[PDB]
Each structure stands twice: as C-alpha cells, then as structure tokens.
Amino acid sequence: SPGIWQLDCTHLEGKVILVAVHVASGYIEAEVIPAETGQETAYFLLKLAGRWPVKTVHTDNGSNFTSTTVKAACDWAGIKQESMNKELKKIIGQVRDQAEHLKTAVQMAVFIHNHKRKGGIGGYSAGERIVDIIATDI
C-alpha cells in the first residue's frame, strides 16, 4: 500500500483544487489551479512523484487524465493509472477568514490536516504516518 495515491477535484468559488491523498496514511497534497486541464494535472503529478514515491494513482474518469501530456508524464515518472477531502472542505471553511486568497486558505488547511495528531498521547499525524510507512518500507 506505500505507493498508492488517490487524486480528486473540488470546485470552490468557481475555481479548482486538485487533492492527492496518500491512501495508507491520509496525508494530502493540494493545489489550486485556474482550470482542470491536462497540463495542470500533469505538472501536479510530476511534482508529486519527484517528492514521494508514487506507484499508482486512482482518479475519477476525467479527460484531464486521458491527455497525451499526462500519459507522457506518467510514463516518464513510472506512475500507473487505474472521502478524506470532505474534511478538507471543512478545514478550508474554518480558516477561510484568516486569508484574502483561496489558495492561501487551501494551503493552510493542508498544513493543519497533515500536522494534526489523531487520538490522545501516543497518537500520530498523517505527516508522521506517511514518513513512517515509507521509512519502514526501506
């Protein structure tokens, strides 16, 4: 399960957020982009794979995955194509106040989501789960 990611889209304030969730830990990355395009997705995946060892992404059916540029990026990076963010809507809502731009609220919420300890003393954050899973794997 170490290299499996889920990628999905969300539309807010007539704008687009790509969210990737590392499935075994619930760790996320997100970015706001103007539109859900092949180019934008492919750049996103390339960033992702250069940072974590991505093996497989699960995506929705959308055209932005079928593009020639996304397939070239996947081939180049060795990625094979095949709810956790409902919390991210919520966190985006709780911090919307604290910033002018959406892209800033998005990133603040990613920070909050990844650093938040689940459970009591002895708990782990998503950020800690992902690094532990990967370290263990090696």
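For every residue, the number given is its place in the sequence shown, counted from 1. We call the rigid core the largest set of C-alpha positions that still match within 1.5 Å between the two forms.
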Task: Stretch farther from the shown model on average in 4 other deposited structures of this protein, with CA RMS computed after core superposition (84-92, 106-114) - done: 84-92
Open item on the list: Please tell me which region, 11-19 or 121-129, has C-alphas lying farther from the displayed form on average in 4 other deposited structures of this protein, with superposition done on the core.
Closed with: 121-129
TODO: Report, from the record, the number of residues in the deposited sequence between residue 75 and residue 76 that have no coordinates, as none, 1 to 3, 4 to 9, or 10 or more.
DONE: none
Open item on the list: Please compare 113-121 with 6-14 and name the stretch with the higher mean C-alpha B-factor in the deposited structure.
Closed with: 6-14
TODO: Between 97-105 and 33-41, name whichever shows the higher mean Cα B factor according to the PDB entry.
DONE: 97-105
- [ ] Report the option among 91, 70, 79, 28 whose CA atom has the maximum B-factor in the deposited record.
- [x] 91
Open item on the list: Please place residue 54 in the lowest, middle or highest third of its chain according to the CA B-factor in the PDB entry.
Closed with: middle
